[PDB]
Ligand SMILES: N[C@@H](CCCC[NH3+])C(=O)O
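Consider the single chain below, provided in C-alpha cells and representing the form solved without the ligand.
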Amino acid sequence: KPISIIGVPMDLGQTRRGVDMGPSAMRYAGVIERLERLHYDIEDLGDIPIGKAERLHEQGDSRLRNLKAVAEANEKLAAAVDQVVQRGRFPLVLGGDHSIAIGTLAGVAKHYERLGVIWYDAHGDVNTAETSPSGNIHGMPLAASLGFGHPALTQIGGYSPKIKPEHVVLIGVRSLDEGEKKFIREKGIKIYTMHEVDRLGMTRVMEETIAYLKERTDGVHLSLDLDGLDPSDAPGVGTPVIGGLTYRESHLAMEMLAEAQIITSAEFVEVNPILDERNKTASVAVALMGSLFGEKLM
C-alpha cells in the first residue's frame, strides 16, 4: 500500500520549543529515501499549518494550554489523514508533540469498525484537564481519543470516541501520574510497563500484543513516542525518562509488527532536534520506520 507522509510541526501540546522541528529533522534523516529503497510509492504531502499561541491572559486554558490552536491544528490533520485513507494510502504522520495523535486518530478511526492502538511510550498520555499536573495536552491524546477530556479535543472530526479501551495496548511505560494509573486500571487498558518488558522480554510482549489485537480489531494504529526508548538511545525528546527500551528492542518490535502485517497507520512523535545530539533521535525514528515498513537484515 502506498504511503503518504504528513508533517505536523506542532509544539503547542507541551512547553519545550523545538519539537515543531521534528518533521523536517526526520525528513533530513532520510525518511523518503529509506522508504523508497523498499520500493514504496511514497508521497510527501508537506506540513499542516499550525497556529501561534494566543496571549496567556487572553484565552482560557492553563489546565488545557493552547487548546484552540491545538484543536484547530488537529482538525486540519484529521481532514488530511481522512483524505489519505480515502485515497487508499497508508498515512504516516511525523510530529510534533503527541497531541497530534488526536488528529491522526480522528482521521483514521472512522474508517474502521474496531481500530486498535499500540501506544509505544514512556508515558500513558491518559490525563484530562482535571488530572493533568501540567496542563500540557500532549499528555492527554490517548484519553481524549477514548472519549475522555475536553469536548474541543474529544469531538475533533465530528465523532467520539475514536477507539475503545479494550483495543489499546501501552508498551514501554515507566512514568504514570496516579490519576493515569487509576484511568488505565479502571478502563481496563492492556499495558506492558518496563517491568513486564524486563520480566517477559520484548519478544513475548510483542507476541501477546499482536495476538491480542489481531484477535479483536480490523486495523491497528501505531503511535510511537520516541521517549519510549531510553534517553541514551533517543536523547532529543522533551520528557525523557531513564530505564527505557533499547534501540534493538525497538527494531525487534517494528520487525515483528511488519511481520504480522497488522499496522494500518502510524505516527512518530516527540522528536526535538533542539534537545538532541546530532539528529540521533530523528535518525533512530527513520531506522524504526524502515523496519516497520518491511526492511529486513536478511
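Only residues modelled in both forms are compared. Only the largest set of C-alpha atoms that superpose within 1.5 Å between the two forms is called the rigid core. Note that residue numbering begins at 1 and tracks the sequence as displayed.
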Higher of the two mean Cα B-factors (76 to 84, 115 to 123; per PDB record) comes from 76 to 84
Averaging only over Cα atoms, indicate whether 207 to 215 or 166 to 174 has the higher B-factor in the PDB entry. 207 to 215
According to the deposited entry, which of 95, 201, 135, 158 has the largest Cα B-factor? 158
Looking at 238, 51, 30, 231, which has the highest CA B-factor as recorded? 51
Third assignment of residue 249 from its chain's C-alpha B-factors: lowest
Per the entry's values, where does residue 279 land by CA temperature factor relative to the rest of its chain, in the lowest, middle or highest third? middle
Assigned third (lowest, middle, highest) for the C-alpha B factor of residue 150: middle
By the recorded C-alpha temperature factor, relative to the other modelled residues in its chain, which third is residue 106 in? middle
For the chain shown, is the CA B-factor of residue 227 in the lowest, middle or highest third of its modelled residues? lowest
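Heads up, the form solved in complex with the ligand isn't pictured, but that's what we're talking about next.
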Where the ligand sits in the deposited bound form, superposed onto the shown form by the site's C-alphas, are 3 or more of its atoms within 2.4 Å of backbone or C-beta (blocked), or none (open)? open
Does any part of residue 180 reach within 4.5 Å of the ligand in the deposited bound form? Heavy atoms only, please. yes
Answer with yes or no whether residue 155 is in contact with the ligand in the deposited bound form, where contact means some heavy atom within 4.5 Å. no
Test of understanding: in the deposited bound form, would residue 127 fall inside 4.5 Å of the ligand by heavy atoms? yes
State yes or no: in the deposited bound form, is some non-hydrogen atom of residue 139 no more than 4.5 angstroms from a non-hydrogen atom of the ligand? yes
Could you tell me which stretch in 127 to 135, 79 to 87, 215 to 223, 158 to 166 has residues with non-hydrogen atoms within 4.5 Å of the ligand in the deposited bound form? 127 to 135
Tell me, please, whether between the shown form and the other one the C-alpha of residue 246 is shifted by 2 Å or more, with the rigid core used for superposition. no
Go ahead and list the segments of at least 3 residues in a row whose C-alphas all shift 2 Å or more between the shown form and the other one, with the rigid core as the reference fit. 56 to 61
